[PDB]
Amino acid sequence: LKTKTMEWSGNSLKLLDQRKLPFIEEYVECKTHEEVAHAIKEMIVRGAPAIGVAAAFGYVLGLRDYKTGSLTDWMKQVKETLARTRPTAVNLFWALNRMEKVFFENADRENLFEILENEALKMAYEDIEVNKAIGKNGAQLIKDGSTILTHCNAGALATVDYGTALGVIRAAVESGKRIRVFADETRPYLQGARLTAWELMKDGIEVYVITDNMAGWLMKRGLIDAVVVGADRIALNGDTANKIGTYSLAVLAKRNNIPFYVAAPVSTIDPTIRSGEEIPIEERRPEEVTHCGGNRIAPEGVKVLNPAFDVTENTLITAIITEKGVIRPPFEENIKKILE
């Protein structure tokens, strides 16, 4: 397992420090499940899909960290320390739960480490495959020669590889369609300007960066043919939690009769919730808002709010692109079909 986002050295997990791009391309080596937790918590690694696989490995390292007392209790704490990092994206729990299950069924096997590491590996290789499929299904919805607006970074850096929303793009381009992407810088973290822009230019795909308060006007001016974004948590309802600001675009998209698509793997669909009001919303540190890449921009001692995600009601979504097909209204009715 070796890609731009992460690399598995058998006994450690290397993560591209996404909080340092687009200028610095260094890596962070995680050796302790606590470090992977830290890398996730600090957003060194990020993007629902990639948080899971990365979480799965930190779990494997979790075993390699074991020393005394009960193995079960300790593996339970490793899982708890990793899950306690970031709320919203359900991929994290989905990964952890899948891994813990393997564990409970091989805890007595002497080749435990080999077995667990194997699933994590099996998992990463599936994400890239799942993504290329999402890209393929989404491509058919993108008419040649169009301008697609995106949000956050639902691409290579947000997954093991290829990406979800950006995967749909790479696939349309691969099919041979002239395409250009308007990418919101997406503050405060600036995934758009620092990550999406970067991996897209590095792939030879036409890219423009715009401030978040621009998307609206540009849609009204008729420069955007479609809006495609990723997700962190989709409910049985179809409501999807994604990077703060995704909701507003959805609203603006309806007002300008512009298709709004959510590209995400089935693993992002939380089967335990009915609607989007049940999705936990992460609140991050005040620094992210008062600063911008290092420098403080707001006055000293100012109050702020910092939700990292918002929720878009399903009625504002045209369709959900999955590795198993394009889901359309009635969502609750169709998602239930795909789930099985």
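Counting begins at 1, following the sequence as shown.
Per the entry, higher mean C-alpha B factor between 129 to 137 and 184 to 192: For C-alpha atoms only, the mean B-factor is higher in 129 to 137.
When the Cα temperature factors in the entry are averaged, is it 271 to 279 or 309 to 317 that ends up higher? On average, C-alpha B-factors are higher across 271 to 279.
Specify which of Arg46, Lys67, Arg285, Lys303 carries the largest Cα B factor in the deposited PDB entry. Max CA B-factor in the entry, restricted to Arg46, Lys67, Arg285, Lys303: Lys67.
Among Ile244, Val266, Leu112, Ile210, where is the Cα B factor highest in this entry? The listed residue with the largest C-alpha B-factor is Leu112.
By the recorded C-alpha temperature factor, relative to the other modelled residues in its chain, which third is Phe260 in? As the PDB entry reports it, the C-alpha B-factor of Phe260 lands in the lowest third of its chain.
Among all modelled residues of this chain, ranked by Cα B factor, put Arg221 in the bottom, middle or top third, i.e. lowest, middle or highest. For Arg221, whose C-alpha B-factor we compare with every modelled residue in the chain, the answer is the lowest third.
Give the position of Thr72 by CA B-factor within its chain, expressed as the lowest, middle or highest third. Top third by C-alpha B-factor.
Once the chain's modelled residues are ordered by C-alpha B factor and cut into thirds, is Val289 in the lowest, middle or highest one? Tercile = lowest for this residue's CA B-factor.
Which third of the chain does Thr150 land in by C-alpha B-factor: lowest, middle or highest? Bottom third by C-alpha B-factor.
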